[PDB]
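Chemist: Below are the structure tokens for one structure; questions will follow.
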Number of protein chains: 4
Amino acid sequence: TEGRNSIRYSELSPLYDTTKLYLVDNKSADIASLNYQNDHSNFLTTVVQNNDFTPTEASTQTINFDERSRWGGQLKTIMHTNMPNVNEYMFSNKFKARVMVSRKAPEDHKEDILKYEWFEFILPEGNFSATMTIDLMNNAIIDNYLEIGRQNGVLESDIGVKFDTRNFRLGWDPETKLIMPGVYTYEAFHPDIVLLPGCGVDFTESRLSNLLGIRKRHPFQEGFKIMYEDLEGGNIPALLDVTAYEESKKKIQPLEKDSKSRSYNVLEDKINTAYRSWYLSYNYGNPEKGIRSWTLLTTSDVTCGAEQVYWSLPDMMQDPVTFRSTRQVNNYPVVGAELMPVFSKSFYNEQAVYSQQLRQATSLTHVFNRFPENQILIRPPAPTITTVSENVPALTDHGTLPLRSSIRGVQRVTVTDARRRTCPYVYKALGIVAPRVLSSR
Amino acid sequence: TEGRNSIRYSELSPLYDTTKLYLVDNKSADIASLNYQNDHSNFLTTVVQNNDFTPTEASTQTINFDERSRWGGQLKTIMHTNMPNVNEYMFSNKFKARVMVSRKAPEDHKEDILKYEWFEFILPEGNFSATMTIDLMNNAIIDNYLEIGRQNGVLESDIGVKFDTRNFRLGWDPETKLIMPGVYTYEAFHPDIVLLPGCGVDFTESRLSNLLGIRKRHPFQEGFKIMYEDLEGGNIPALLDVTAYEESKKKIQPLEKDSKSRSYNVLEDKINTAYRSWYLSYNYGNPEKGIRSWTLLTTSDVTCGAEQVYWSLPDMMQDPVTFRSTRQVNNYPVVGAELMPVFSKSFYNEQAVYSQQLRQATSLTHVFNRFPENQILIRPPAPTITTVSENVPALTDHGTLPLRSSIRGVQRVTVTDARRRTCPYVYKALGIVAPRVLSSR
Amino acid sequence: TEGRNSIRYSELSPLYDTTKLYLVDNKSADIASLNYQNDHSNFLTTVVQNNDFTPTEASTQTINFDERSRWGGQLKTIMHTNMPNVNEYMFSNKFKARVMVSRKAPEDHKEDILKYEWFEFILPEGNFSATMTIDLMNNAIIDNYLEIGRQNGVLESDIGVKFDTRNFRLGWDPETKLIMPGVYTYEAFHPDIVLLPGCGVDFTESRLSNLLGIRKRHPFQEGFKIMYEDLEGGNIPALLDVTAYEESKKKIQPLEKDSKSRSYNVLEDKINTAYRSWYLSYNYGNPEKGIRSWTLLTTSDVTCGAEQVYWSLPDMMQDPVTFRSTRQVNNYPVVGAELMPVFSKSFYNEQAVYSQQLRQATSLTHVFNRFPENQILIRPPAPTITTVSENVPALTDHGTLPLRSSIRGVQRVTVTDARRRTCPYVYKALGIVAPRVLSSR
Amino acid sequence: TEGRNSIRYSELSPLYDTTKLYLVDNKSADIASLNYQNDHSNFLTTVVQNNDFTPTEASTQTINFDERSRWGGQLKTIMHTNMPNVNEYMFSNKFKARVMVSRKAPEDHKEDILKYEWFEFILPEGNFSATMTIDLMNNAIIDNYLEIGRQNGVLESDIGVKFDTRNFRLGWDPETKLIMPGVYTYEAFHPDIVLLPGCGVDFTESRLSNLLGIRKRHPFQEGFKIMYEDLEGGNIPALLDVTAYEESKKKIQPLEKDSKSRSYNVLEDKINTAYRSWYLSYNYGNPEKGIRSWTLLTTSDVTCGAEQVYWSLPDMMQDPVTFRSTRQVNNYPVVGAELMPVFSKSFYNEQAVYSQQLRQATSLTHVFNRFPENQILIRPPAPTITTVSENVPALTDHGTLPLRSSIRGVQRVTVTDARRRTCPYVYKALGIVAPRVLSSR
């Protein structure tokens, strides 16, 4: 083992069989000279710590480890990131739906031809919770109504899509098939979608379908769209009229108008309305047809997907097996993998209804909750547990890999995504390599 | 060690005695070609990172490690899951009980033959807390009463089963054997069950018996059912009448009717009612007969059971000892074991009674708490600590195992349950294998 | 190293120098055949994973590792438990005290001979906080008074023992030696005990002395009992009368009767009462005699003692040094040690007085706080921080130990206490052994 | 290996091939003798534990490890620090802006020449949250107005810079281009800046730009300043007058004066005011010109930058490769790197508006929120999640490095910054070195 384990720089003393190599980015010389167009995910840094050499003339010395021995040293990384919840880079603020336009009469409810098209709604970006994002989704539909649908003959009783977090079944007397208290329960179950005949939603090439918790049984197929004609057996039951009920006590019928004459779209029967729900058609319906054979129920996910991240270092380590040696930017043979450092955290406000009753009195006149009298179009209640994403630092150890014989003065580092593109939310990157001796030659 | 440690792919340069092998699932080529019917728990992926080959024609190259040496490399996995609390896959929304039907008079309390049968109640699914699941269990009994028992001669004073979280003994004056304040304590101890003569509950092939905290001393026997005739010495003491007490002060007897004439089923004595409780018969009864010799008292468990999970990988590693080499799906020799990544977390609301007094005023008219005047049938109070499950990622290191000589291009992975079936709630799976050299040949 | 490292089962292929061995308990064949009388702490399981053999006929095959080599493999365990705070198994619901009975007059306060004896109070079991357990201790004294002491001549002013969490000194004007506001401070310091002449408490063979925080300087001596004659220099100062004070302003004396004529047992002087306190005699007294030379002050401990746990495995590993090879159940040579997985957690309610003022208005008429007018017998205030125990899973690595040459098909596992008895609160146990090669033969 | 592995001190027994060496700073002899001018980041300590020698005469003995062998031992450190959020050492309380002075009339809004200059505001230091620092920034502008701007002709309607956390777009009816409720939403989104024509802010050589979350796409360029002429397409829309609206109902125009006649600087149109916002010009503007092509949106960062820290030890370890052996203080060859132990933590107050409505009634008359009637100059609302930094201890393991042959009695330690200067907030430093044997000689 002796003799063949020296580490010569060029003119200093030779070391023996253990050093360290620091890949930092906070040198004050590289900022003005080498790195001028690139950022913390694709920077270019030096290894020599000599400061008799500007880094343009330090790109010539070679730290040549001794030959007749195979070398190789382990890798330790420290990265630290800060990305928001909703952003444009990871496709988290887009969803397209199909809502109604141009309700006009031709020249009796056997008239009024309705029209429909697709839109690709877009909501703002920031770091939000799991409930505030629902209110931002439910604003991207109404500001389409205030632009296009109001000037035509739409009368704000047939919007079509509305994201809600209730169960429209509690209180269903099976003898009369109506809800007894004359109001729906203001309780906070799993979120769902509410449709209307002629509408639908599409979550293809988006990421908000992980936030709601509506997955798919075969997650590799073609795409993910939900129409009105898939929610069979999931109509919301009609609401009993209680102010026209006490004439029997000095008789029973559904309610149709609520203080402003908004129709509930009650059908020809006197049992249920014309609104279909996802959560009510998943377990109160048929476990063979429609839904429950096509999707799956899942808890909410605020960080909306945990993707992997690839470290690359193509001037020190040798290439792993089945990798082509290239200098194109988006191939760069991978030296280690990790997970993206974005976690989740629960908080348990526990009130969630008084804290919603009082919040829209000192902070919010009517900007959210525009329709505070209709029971279906009312604001959804907040859950008793709330979840917010957070960013933590990550300390990792990637094991040993063989390294080259001669190491150049300037070095590249690269931190990529799963689709080979640099993540712009990386704030700090830092690595330490410690070479050892392996088998002889 | 030299010479016999080369790693030849087929046409690239030979490596020496350390590489890495990435088993990812997020390749954009495998989605359209190989994996079309299966999901993240049973997928099929490639190892070659060459991108001159579609993965149908990359299933031919062999990464043959060198012979005349025994190889073997350690394994590191990263999995991430999201399952709800109550679901159908792990038998967490079923329990059967025996309640009453058809109370009619034959042609004096020596009449009215009562009947009884079993039902297998079913409650909805989602992610709930430890108290909201109690209210969902206590709704699956009343909606049977509103369907079958109300149309027969049942008068809603003899329901039979009711899940409660109180202690019906605090305030028991031993001289007069009645409760002095004329009301039970609205305090929040361990949950129990409340029976009535002719009823019972059965938790065989279910999992909700871990949520309540009612275990069994010999947990391997046959099953787990609790009848009325096991709770001997656990009758709830009768409640003293205080509004007919101040006639002595210008005398003592139990109370029978409460503002709506609901009978408390007071016995022939004037001491105790005809309701038996589990918690009151476990420590105030007999430590030899009945209960305390058959069950055990345990804290609540929201995740309801911590089961193990098995990794399988039958194209790279060799088979461990006493395993048969097969290609049936539900045998697949196991390469490592872990724990299912579902934890628990406490929150301490600390109010739990004002936050229950005020919650059913802005959110809930009478949907829960249907009987808000009877002391036994009243809503149970919430504990001062609440517990909710949560899902975290899991980073594991499984040590070294010997691997085969030639590795095919396409590889299988499989993540199973304890009863050899694929868990559908796995969202991300990821592995890294790093081969080393062992003994020679 | 080659040649002498084979692992033959009996009829499969021979492995080489690394396997794994799974000691699971969730096999569906062992439940019906082998394990029928025992539980998760002392079960009996198989190693062969062949399923051509029922485990009664699989107790014959031997996985014989190769001779002429010393073997040995490391151990990894996963255990998961759920025990309550207060229970009978770990002596956490017993304490004996000496209170008063039979105050009768012989035939002037030179009469009324008093009597005293010991009782061994017992309180119920469950999972409670650090303050609710104080209220349960303070109920086990009053229900003795309502049974035996009330029928004799005891007049509920001389109970004798009362667990309190205040400091009865704040507001002591040194000129007049009385408390100025006419009320004690309703503040929430360390808990103590309150005695009365002729009483005492004994915490021998109990565990609640760790919950209060009253330790002992020499913790190995004989036992732990505290009488009235040890608290010298710790009398509570008497309370100034303020309603008979404003006659000086159109004079100073202690108060004796409080709205129901309960005597404070004021002494012959007009300075202090006849109640002694532990916390007030520990630091306001003498640091040489009495207390402060015999006990110690310690923070509260909700889990009440962290005991160790021993793993045993007497069919695979060899015996460690100085252990006798036996098959009695309560010796079983130990293969590794851990800690019991019961932690503590703080919550900081921060109100603790309004949340106590309002709690006994919607939940509690007078069941606790029976005497809500006497200042000494009033309910103690809750601390501003509260602590509750919790149960977490435990992942441990115990290092390497040498194992036997031939391994039988059926195996024993055992998880014991520090006094060699099986803990009944173990819910899941799981181990993995991975053999390696050590020195030759 | 035998023979050549002795460790001779000078006169004790020789050890063999494993010891430990403790670098503590809490010796009571070094405080009075060696360390008299320096602190915990640059102290000077001994290794001999003999106490027959004062450390002035213990700087002569040499713990000479054996020659004809290369030695080297691993390093473990324990450091513990306490730095505030806002301080002077890390440039966290400085920002310069350009506000207005000397509005006087020359001798019709075609007069009143305005003047502008730069100031370098300075705010106090301490440990604050993410919202209280915003209020301290917004006080450093007004106390300039009360000193210089009030005595000239400035009329407190044209301050110019104001840090706000709202979105001034919610409620924008696209038909009339005004905000319908007549008030802005008191909601708590990402923070931004609010400008006025003729002003600007500069965050060069500061650190508060990481607290707001306004990053830059190329983070290496020259500096970071934001003027009014970069925020094109981001004017705040004007506010509709609702008290002059009900004359149509027994008509629509912007509002200009608010109860004290403060002008909103409404433009020649009747659509929008003359205030530009950052958050409203980032996503409602142009994704090609102005902003969104130059900056980036990021969550808040309370610790404001995670910098690295360097351990140095220039009397025991040998120098790593490409380091010059020197005794100047600010070079000192680095033996290991870490991260600064300052983390972040979220708390979720959840009220944030009632807790702001009530906070400025019992604690704050008008010191903050000086203008509680103007909608633009009102106090910004607090977020529903708040983040505070915290300090934790750090336990690290730095691997092995080769050490010298003879070790002197006195030793140096040094803990530096990224710009080679001693951090004054280090409270405890502690290291343990354990030598082993490497290759022979």
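Every chain in the structure tokens has a letter given in the order shown (A, B, ...), and although residue numbers restart at 1 in each chain, ligands are simply numbered from 1 in the order shown.
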So that I can check the surroundings of residue B:365, please list as a list in words every protein, DNA and RNA residue that reaches within 12 Å of it, counting only C-alpha atoms and ignoring chain neighbours fewer than 6 positions away.
Modeler: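 In the requested form, the answer reads residues 170, 171, 180, 181, 182, 183, 184, 185, 186 and 187 of chain A; 357, 358, 359, 371 and 372 of chain B.
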Chemist: Counting only C-alpha atoms, what is within 8 Å of residue D:422, bar same-chain residues fewer than 5 positions away, as a list in words?
Modeler: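 The contact residues come out as residues 41, 42, 414, 415, 416 and 417 of chain D.
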Chemist: What is the atom CA of residue C:424 to atom CA of residue C:205 distance in Å?
Modeler: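 A separation of 20.5 Å between them.
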Chemist: List the spatial neighbours of residue A:68 as a PyMOL selection string - criterion: any atom at most 9 Å away, only C-alpha atoms, same-chain residues fewer than 2 positions off excluded.
Modeler: chain A and resi 4-5+66+70+440-441
Chemist: Just the alpha helix (DSSP H) stuff from stretch 81-303 of chain D, please, per backbone DSSP, written as an MDAnalysis selection string.
Modeler: chainID D and resid 132:137 142:144 209:212 280:283
Chemist: Which residue gives the smallest distance to residue D:189 among A:19, A:133, A:81, A:300, with only C-alpha atoms counted?
Modeler: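 Between A:19, A:133, A:81, A:300, the residue approaching residue D:189 most closely is A:133.
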Chemist: Find the residues around residue D:220 up to 10 Å (only C-alpha atoms counted), leave out those fewer than 4 positions away in its own chain, and share them as a PyMOL selection string.
Modeler: (chain A and resi 30-32+35-40) or (chain D and resi 216)
Chemist: Next, the residues of the selection above should be written as a PDB file, in the first residue's frame with N, CA and C atoms.
Modeler:
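Dumped everything to again-v4.pdb:
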ATOM      1  N   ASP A  30     -14.887  34.076  -8.114  1.00  0.00           N
ATOM      2  CA  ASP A  30     -15.655  33.457  -9.183  1.00  0.00           C
ATOM      3  C   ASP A  30     -16.846  34.296  -9.603  1.00  0.00           C
ATOM      4  N   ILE A  31     -17.323  35.176  -8.723  1.00  0.00           N
ATOM      5  CA  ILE A  31     -18.494  35.989  -9.020  1.00  0.00           C
ATOM      6  C   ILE A  31     -18.180  36.998 -10.117  1.00  0.00           C
ATOM      7  N   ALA A  32     -16.978  37.563 -10.095  1.00  0.00           N
ATOM      8  CA  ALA A  32     -16.610  38.594 -11.052  1.00  0.00           C
ATOM      9  C   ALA A  32     -15.991  38.047 -12.328  1.00  0.00           C
ATOM     10  N   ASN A  35     -18.449  32.972 -13.329  1.00  0.00           N
ATOM     11  CA  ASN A  35     -19.903  32.896 -13.333  1.00  0.00           C
ATOM     12  C   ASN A  35     -20.459  34.293 -13.549  1.00  0.00           C
ATOM     13  N   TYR A  36     -21.019  34.529 -14.724  1.00  0.00           N
ATOM     14  CA  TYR A  36     -21.645  35.804 -15.030  1.00  0.00           C
ATOM     15  C   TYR A  36     -23.017  35.667 -15.665  1.00  0.00           C
ATOM     16  N   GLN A  37     -23.327  34.542 -16.307  1.00  0.00           N
ATOM     17  CA  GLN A  37     -24.617  34.336 -16.939  1.00  0.00           C
ATOM     18  C   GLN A  37     -25.497  33.316 -16.238  1.00  0.00           C
ATOM     19  N   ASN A  38     -24.939  32.498 -15.357  1.00  0.00           N
ATOM     20  CA  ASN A  38     -25.646  31.364 -14.788  1.00  0.00           C
ATOM     21  C   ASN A  38     -25.889  31.551 -13.294  1.00  0.00           C
ATOM     22  N   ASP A  39     -26.702  30.656 -12.741  1.00  0.00           N
ATOM     23  CA  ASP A  39     -27.219  30.738 -11.381  1.00  0.00           C
ATOM     24  C   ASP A  39     -26.757  29.541 -10.552  1.00  0.00           C
ATOM     25  N   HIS A  40     -27.330  29.412  -9.351  1.00  0.00           N
ATOM     26  CA  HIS A  40     -26.877  28.456  -8.342  1.00  0.00           C
ATOM     27  C   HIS A  40     -27.103  27.000  -8.715  1.00  0.00           C
TER      28      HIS A  40
ATOM     29  N   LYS D 216     -33.812  37.423  -7.818  1.00  0.00           N
ATOM     30  CA  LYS D 216     -33.380  37.910  -9.115  1.00  0.00           C
ATOM     31  C   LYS D 216     -32.972  36.716  -9.966  1.00  0.00           C
TER      32      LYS D 216
END
Chemist: Counting only C-alpha atoms, which residues in chain C sit no more than 6 Å from chain B? For each one, give the nearest pair of atoms and the distance in Å, sorted by chain then residue number, as CSV.
Modeler:
residue,atom,partner,partner_atom,distance
C:19,CA,B:320,CA,5.5
C:36,CA,B:220,CA,6.0
C:39,CA,B:218,CA,5.8
C:48,CA,B:322,CA,5.5
C:49,CA,B:322,CA,5.6
C:50,CA,B:323,CA,5.9
C:84,CA,B:299,CA,5.8
C:363,CA,B:186,CA,4.6
C:364,CA,B:185,CA,5.9
C:367,CA,B:171,CA,6.0
Chemist: Name all residues at most 6 Å from stretch 108-121 of chain B (count only C-alpha atoms; drop same-chain ones fewer than 3 positions away) and give them as an NGL selection string.
Modeler: :B and (95-101 or 103-105)
Chemist: Can you tell me, as a list in words, which residues in stretch 314-394 of chain A count as strand (DSSP E) by DSSP?
Modeler: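 Secondary structure check on stretch 314-394 of chain A, strand (DSSP E): residues 334, 335, 336, 337, 338, 339, 342, 343, 344, 345, 346, 387, 388, 389, 390, 391 and 394 of chain A.
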Chemist: Keeping C-alpha atoms, export the residues of the selection given above as an mmCIF file, in the first residue's frame.
Modeler:
data_model
loop_
_atom_site.group_PDB
_atom_site.id
_atom_site.type_symbol
_atom_site.label_atom_id
_atom_site.label_comp_id
_atom_site.auth_asym_id
_atom_site.auth_seq_id
_atom_site.Cartn_x
_atom_site.Cartn_y
_atom_site.Cartn_z
ATOM 1 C CA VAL A 334 -25.870 11.337 -13.003
ATOM 2 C CA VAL A 335 -23.775 10.770 -9.881
ATOM 3 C CA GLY A 336 -26.560 10.578 -7.281
ATOM 4 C CA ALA A 337 -30.271 10.957 -6.650
ATOM 5 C CA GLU A 338 -32.302 12.445 -3.796
ATOM 6 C CA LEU A 339 -35.782 13.781 -3.078
ATOM 7 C CA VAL A 342 -40.557 20.090 0.292
ATOM 8 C CA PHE A 343 -42.553 18.544 3.151
ATOM 9 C CA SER A 344 -46.007 18.954 4.708
ATOM 10 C CA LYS A 345 -47.232 19.936 8.165
ATOM 11 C CA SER A 346 -50.580 19.847 10.012
ATOM 12 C CA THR A 387 -51.894 21.535 5.999
ATOM 13 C CA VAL A 388 -49.190 23.895 4.689
ATOM 14 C CA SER A 389 -45.999 23.002 2.829
ATOM 15 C CA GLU A 390 -42.563 23.923 4.159
ATOM 16 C CA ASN A 391 -38.922 23.918 3.067
ATOM 17 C CA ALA A 394 -31.251 18.303 3.255
#
Chemist: So that I can see what lies close to stretch 252-268 of chain D, please list as a PyMOL selection string the residues with an atom at most 6 Å from it, counting only C-alpha atoms and leaving out residues fewer than 5 positions away in the same chain.
Modeler: chain D and resi 157+239-241+273-274
Chemist: Can you write just those residues out, N, CA and C atoms, as a compact mmCIF listing (two decimals), in the first residue's frame?
Modeler:
# COMPACT_ATOMS: atom_id res chain seq x y z
N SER D 157 -49.67 62.91 1.52
CA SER D 157 -50.40 62.10 0.57
C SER D 157 -49.49 61.49 -0.48
N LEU D 239 -60.89 53.22 -6.80
CA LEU D 239 -61.89 52.67 -5.90
C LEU D 239 -63.22 53.36 -6.15
N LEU D 240 -64.28 52.57 -6.30
CA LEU D 240 -65.59 53.11 -6.64
C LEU D 240 -66.23 53.78 -5.43
N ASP D 241 -66.94 54.87 -5.70
CA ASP D 241 -67.64 55.64 -4.68
C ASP D 241 -69.03 55.03 -4.49
N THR D 273 -55.39 54.60 -10.22
CA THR D 273 -54.64 55.62 -9.51
C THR D 273 -53.20 55.65 -10.02
N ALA D 274 -52.33 56.39 -9.33
CA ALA D 274 -50.94 56.56 -9.74
C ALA D 274 -49.98 55.79 -8.83
Chemist: Grab the atom CA of residue C:128 to atom CA of residue C:166 distance for me, in Å with one decimal place.
Modeler: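 About the pair atom CA of residue C:128 and atom CA of residue C:166: they are 21.1 Å apart.
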Chemist: Go through A:90, A:211, A:178, A:376 and flag the residue nearest residue A:242, using only C-alpha atoms for the distances.
Modeler: A:178
Chemist: Enter the distance from atom CA of residue C:317 to atom CA of residue C:425, in Å, rounded to one decimal.
Modeler: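 Between atom CA of residue C:317 and atom CA of residue C:425 the gap works out to 25.7 Å.
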